[PDB]
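S.K.: First the structure, then my questions, so here it is.
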Amino acid sequence: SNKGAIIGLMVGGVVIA
Amino acid sequence: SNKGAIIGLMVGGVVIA
Amino acid sequence: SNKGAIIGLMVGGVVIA
Amino acid sequence: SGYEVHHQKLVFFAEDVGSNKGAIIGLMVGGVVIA
Amino acid sequence: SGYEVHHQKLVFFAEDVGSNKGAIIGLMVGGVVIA
Amino acid sequence: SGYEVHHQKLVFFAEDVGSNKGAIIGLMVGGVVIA
Amino acid sequence: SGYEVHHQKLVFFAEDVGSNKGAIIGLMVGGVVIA
Amino acid sequence: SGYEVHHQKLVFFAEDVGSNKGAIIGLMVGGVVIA
Amino acid sequence: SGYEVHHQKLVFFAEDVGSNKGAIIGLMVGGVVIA
Amino acid sequence: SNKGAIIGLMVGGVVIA
Amino acid sequence: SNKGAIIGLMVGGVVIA
Amino acid sequence: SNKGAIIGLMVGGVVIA
Amino acid sequence: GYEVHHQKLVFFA
Amino acid sequence: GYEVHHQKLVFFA
Amino acid sequence: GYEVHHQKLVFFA
Amino acid sequence: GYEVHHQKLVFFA
Amino acid sequence: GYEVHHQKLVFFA
Amino acid sequence: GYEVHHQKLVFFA
């Protein structure tokens, strides 16, 4: 049940959803 | 049940979903 | 039940799903 | 004279004391991260 | 004179004390990460 | 004179104390990672 | 349409950045110590 | 459409970045110590 | 459409980056020590 | 130049000097 | 130059000097 | 130059000097 | 004199 | 004098 | 004097 | 149009 | 258009 | 268009 991103901890980076 | 990304911990990097 | 990526820990790298 | 140190402890812990169950922990003591 | 140190501990822990079950842990003590 | 150190511990642990069951652990003490 | 992410970093570090030289470090993530 | 990710990094480190020279490190991720 | 990921890194490290020279390291990931 | 104890980090224990 | 104890960090324990 | 103990990190234990 | 120091934990369930 | 120091843990279940 | 120090753990289940 | 993005670090010593 | 992105590090010593 | 991305590190000593 997710079309996108679910991040717990993010340091920098690139996420395209 | 996921069309995207589910990241626990991310340091840099590129994720395209 | 996953069309995408499920990462526990990511340091750099490229994931295209 | 004469030093005398008495110590006595009875400890009882229940199910999950001080636990990190299901936790997401990012920790850093020094070092460098260039993301 | 005479030093005298007495110590006495009775410890009882239940199911999962101090555990990291199902945890995601990223740890760093020094070092370099160029991501 | 005369030193005298007495120590006495009775320890009882239940099912999984201090365990890392099912954990994801990334650890680094020094070193270099060029990702 | 069309996504476009540009990123550009120039980094310069001098002698000892983020270092633990001569440090005393005691670290604990979960676990049990009965001293 | 069309995704496009450009990334570009130039990194320069001097003598001892992120180092643990001469450090005393005691580390624990889970586990049990009965001292 | 069409994905396109470009990546480009130039890295330069000096004498001893991320090193553990002369360090005393005691490490534990799980396990049991009955001292 | 020390008649005694010099401790950096101490968790429990007994030191007699 | 010390007859006694010099502790940086102490958690419990016994030091007699 | 030491009559005693010089401990960096101590977890339990007994040191008599 | 005599020094005596104890402790009990009676845990019914 | 005599120094005596004990401890009990009676755990029924 | 005589120094005596014990401990018990009676665990029924 | 044309997108141009650079950077310089001239470090004399 | 044309996209151009560079970087220089001239380090004399 | 043409995409060009470079980088230089001229290190004299």
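Quick note on naming: the chains in the structure tokens go A, B, ... in the order shown, residues restart at 1 in each chain, and ligands are numbered from 1 in order of appearance.
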Can you give me chain O superposed onto chain R, least-squares on all Cα in order, written as a compact mmCIF listing (two decimals) with C-alpha atoms, in the first residue's frame?
M.R.:
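Contents of out-v4.txt, as written:
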# COMPACT_ATOMS: atom_id res chain seq x y z
CA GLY O 1 22.18 18.57 -27.13
CA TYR O 2 25.64 17.39 -26.05
CA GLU O 3 26.26 16.89 -22.33
CA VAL O 4 29.90 17.15 -21.21
CA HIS O 5 31.03 16.98 -17.60
CA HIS O 6 34.67 16.67 -16.57
CA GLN O 7 36.93 17.59 -13.66
CA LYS O 8 40.61 18.31 -13.12
CA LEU O 9 42.98 18.20 -10.14
CA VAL O 10 46.32 19.84 -10.86
CA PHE O 11 48.44 19.28 -7.75
CA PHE O 12 51.89 20.83 -7.80
CA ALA O 13 54.31 20.35 -4.92
S.K.: What's around stretch 12-28 of chain E at 9 Å? Count only C-alpha atoms, leave out sequence neighbours fewer than 6 positions away in its own chain, and write the answer as a PyMOL selection string.
M.R.: (chain B and resi 8-9) or (chain C and resi 8-9) or (chain D and resi 10-31) or (chain F and resi 10-30) or (chain G and resi 29-32) or (chain H and resi 29-31)
S.K.: Fit chain D to chain E: least squares, all C-alpha atoms, paired in order; write the output as a compact mmCIF listing (two decimals) with N, CA, C and O atoms, in the first residue's frame.
M.R.:
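As written to disk, superposed.txt reads:
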# COMPACT_ATOMS: atom_id res chain seq x y z
N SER D 1 44.95 -1.82 60.49
CA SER D 1 44.61 -1.49 59.11
C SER D 1 43.84 -2.63 58.45
O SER D 1 43.20 -3.43 59.12
N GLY D 2 43.92 -2.69 57.12
CA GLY D 2 43.28 -3.77 56.39
C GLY D 2 42.07 -3.34 55.60
O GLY D 2 41.06 -2.93 56.18
N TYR D 3 42.15 -3.44 54.28
CA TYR D 3 41.05 -3.14 53.39
C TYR D 3 40.14 -4.36 53.33
O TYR D 3 40.60 -5.48 53.54
N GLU D 4 38.86 -4.13 53.05
CA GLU D 4 37.90 -5.22 53.00
C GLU D 4 36.72 -4.80 52.15
O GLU D 4 35.90 -3.98 52.59
N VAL D 5 36.61 -5.37 50.96
CA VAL D 5 35.55 -5.05 50.02
C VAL D 5 34.70 -6.29 49.83
O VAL D 5 35.18 -7.30 49.32
N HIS D 6 33.44 -6.22 50.24
CA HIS D 6 32.47 -7.28 50.01
C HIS D 6 31.49 -6.82 48.94
O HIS D 6 31.05 -5.67 48.95
N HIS D 7 31.17 -7.72 48.02
CA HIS D 7 30.24 -7.41 46.94
C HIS D 7 29.35 -8.61 46.75
O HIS D 7 29.80 -9.75 46.91
N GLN D 8 28.08 -8.38 46.43
CA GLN D 8 27.08 -9.44 46.41
C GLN D 8 25.91 -9.00 45.56
O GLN D 8 25.20 -8.07 45.93
N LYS D 9 25.70 -9.66 44.43
CA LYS D 9 24.60 -9.29 43.56
C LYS D 9 23.87 -10.53 43.06
O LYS D 9 24.50 -11.50 42.63
N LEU D 10 22.55 -10.47 43.12
CA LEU D 10 21.68 -11.49 42.56
C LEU D 10 20.83 -10.83 41.49
O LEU D 10 20.08 -9.90 41.77
N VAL D 11 20.97 -11.30 40.25
CA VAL D 11 20.37 -10.67 39.09
C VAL D 11 19.43 -11.67 38.42
O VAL D 11 19.77 -12.84 38.27
N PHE D 12 18.25 -11.20 38.03
CA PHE D 12 17.26 -12.02 37.34
C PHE D 12 16.69 -11.21 36.19
O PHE D 12 16.08 -10.16 36.41
N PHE D 13 16.88 -11.69 34.96
CA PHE D 13 16.36 -11.03 33.77
C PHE D 13 15.29 -11.89 33.13
O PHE D 13 15.39 -13.12 33.11
N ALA D 14 14.25 -11.24 32.61
CA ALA D 14 13.17 -11.90 31.90
C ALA D 14 13.47 -11.89 30.40
O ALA D 14 14.60 -11.61 29.98
N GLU D 15 12.46 -12.16 29.59
CA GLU D 15 12.59 -12.69 28.23
C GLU D 15 13.71 -12.10 27.39
O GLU D 15 14.63 -12.82 27.02
N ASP D 16 13.64 -10.81 27.03
CA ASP D 16 14.68 -10.28 26.15
C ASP D 16 15.07 -8.88 26.60
O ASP D 16 14.57 -7.88 26.08
N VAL D 17 16.01 -8.82 27.50
CA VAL D 17 16.50 -7.57 28.05
C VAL D 17 17.73 -7.14 27.27
O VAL D 17 18.63 -7.95 27.00
N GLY D 18 17.77 -5.87 26.88
CA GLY D 18 18.92 -5.34 26.18
C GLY D 18 19.15 -5.91 24.80
O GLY D 18 20.29 -5.93 24.33
N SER D 19 18.10 -6.36 24.13
CA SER D 19 18.24 -7.02 22.84
C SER D 19 17.99 -6.05 21.70
O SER D 19 17.36 -5.01 21.85
N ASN D 20 18.53 -6.40 20.53
CA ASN D 20 18.40 -5.63 19.31
C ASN D 20 17.62 -6.40 18.26
O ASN D 20 17.98 -6.41 17.08
N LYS D 21 16.55 -7.07 18.66
CA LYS D 21 15.82 -7.92 17.74
C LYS D 21 15.11 -7.10 16.68
O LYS D 21 14.29 -6.23 16.99
N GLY D 22 15.41 -7.38 15.42
CA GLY D 22 14.75 -6.71 14.32
C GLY D 22 15.17 -5.28 14.11
O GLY D 22 14.48 -4.54 13.41
N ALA D 23 16.28 -4.87 14.69
CA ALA D 23 16.76 -3.50 14.60
C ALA D 23 17.66 -3.34 13.38
O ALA D 23 18.31 -4.28 12.94
N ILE D 24 17.67 -2.13 12.84
CA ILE D 24 18.59 -1.76 11.77
C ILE D 24 19.58 -0.77 12.37
O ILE D 24 19.19 0.32 12.79
N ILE D 25 20.85 -1.14 12.40
CA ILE D 25 21.86 -0.38 13.11
C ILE D 25 22.99 -0.07 12.14
O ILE D 25 23.65 -0.98 11.63
N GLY D 26 23.22 1.21 11.89
CA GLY D 26 24.39 1.64 11.16
C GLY D 26 25.29 2.43 12.07
O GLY D 26 24.88 3.44 12.63
N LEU D 27 26.53 1.98 12.24
CA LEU D 27 27.40 2.50 13.28
C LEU D 27 28.74 2.84 12.65
O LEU D 27 29.16 2.18 11.70
N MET D 28 29.41 3.85 13.19
CA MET D 28 30.64 4.35 12.61
C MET D 28 31.47 5.00 13.70
O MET D 28 31.02 5.95 14.34
N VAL D 29 32.67 4.48 13.92
CA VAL D 29 33.62 5.04 14.87
C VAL D 29 34.88 5.36 14.08
O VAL D 29 35.74 4.50 13.89
N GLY D 30 34.99 6.59 13.61
CA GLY D 30 36.05 6.93 12.71
C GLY D 30 35.76 6.37 11.33
O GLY D 30 34.70 5.84 11.04
N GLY D 31 36.75 6.50 10.46
CA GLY D 31 36.62 6.05 9.09
C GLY D 31 35.97 7.09 8.21
O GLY D 31 35.51 8.14 8.64
N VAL D 32 35.94 6.78 6.91
CA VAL D 32 35.48 7.71 5.89
C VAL D 32 34.56 6.96 4.95
O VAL D 32 34.87 5.84 4.53
N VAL D 33 33.42 7.55 4.64
CA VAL D 33 32.46 7.00 3.68
C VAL D 33 32.22 8.05 2.62
O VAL D 33 31.67 9.12 2.92
N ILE D 34 32.62 7.77 1.39
CA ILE D 34 32.36 8.65 0.26
C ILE D 34 31.30 7.98 -0.60
O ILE D 34 31.62 7.20 -1.50
N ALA D 35 30.04 8.29 -0.34
CA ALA D 35 28.94 7.67 -1.06
C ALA D 35 28.59 8.48 -2.30
O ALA D 35 29.12 8.24 -3.38
S.K.: So which residues touch residue B:3 within 8 Å, counting only C-alpha atoms, skipping near sequence neighbours fewer than 6 positions away, as a PyMOL selection string?
M.R.: (chain A and resi 1-4) or (chain B and resi 17) or (chain C and resi 2-4)
S.K.: Can I get the selected residues back with N, CA, C and O atoms, as a JSON list (two decimals), in the first residue's frame?
M.R.:
[["chain", "number", "residue", "atom", "x", "y", "z"],
["A", 1, "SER", "N", 0.84, -1.19, 0.00],
["A", 1, "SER", "CA", 0.00, 0.00, 0.00],
["A", 1, "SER", "C", 0.88, 1.24, 0.00],
["A", 1, "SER", "O", 0.93, 1.98, 0.98],
["A", 2, "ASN", "N", 1.58, 1.46, -1.11],
["A", 2, "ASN", "CA", 2.54, 2.55, -1.20],
["A", 2, "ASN", "C", 2.87, 2.78, -2.67],
["A", 2, "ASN", "O", 3.29, 1.85, -3.37],
["A", 3, "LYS", "N", 2.65, 4.02, -3.14],
["A", 3, "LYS", "CA", 3.11, 4.47, -4.45],
["A", 3, "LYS", "C", 4.42, 5.24, -4.34],
["A", 3, "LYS", "O", 5.04, 5.55, -5.36],
["A", 4, "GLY", "N", 4.83, 5.58, -3.13],
["A", 4, "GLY", "CA", 5.97, 6.45, -2.96],
["A", 4, "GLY", "C", 7.10, 5.86, -2.16],
["A", 4, "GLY", "O", 7.38, 4.66, -2.23],
["B", 17, "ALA", "N", 12.13, 4.52, -8.45],
["B", 17, "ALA", "CA", 11.06, 3.54, -8.49],
["B", 17, "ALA", "C", 9.81, 4.14, -9.13],
["B", 17, "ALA", "O", 9.90, 4.93, -10.07],
["C", 2, "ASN", "N", 5.59, -6.82, -4.09],
["C", 2, "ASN", "CA", 6.54, -5.72, -4.22],
["C", 2, "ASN", "C", 6.83, -5.50, -5.70],
["C", 2, "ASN", "O", 7.25, -6.43, -6.39],
["C", 3, "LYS", "N", 6.59, -4.27, -6.17],
["C", 3, "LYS", "CA", 7.02, -3.83, -7.49],
["C", 3, "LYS", "C", 8.32, -3.05, -7.43],
["C", 3, "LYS", "O", 8.92, -2.74, -8.46],
["C", 4, "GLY", "N", 8.76, -2.69, -6.23],
["C", 4, "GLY", "CA", 9.89, -1.81, -6.09],
["C", 4, "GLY", "C", 11.04, -2.38, -5.31],
["C", 4, "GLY", "O", 11.33, -3.57, -5.38]]
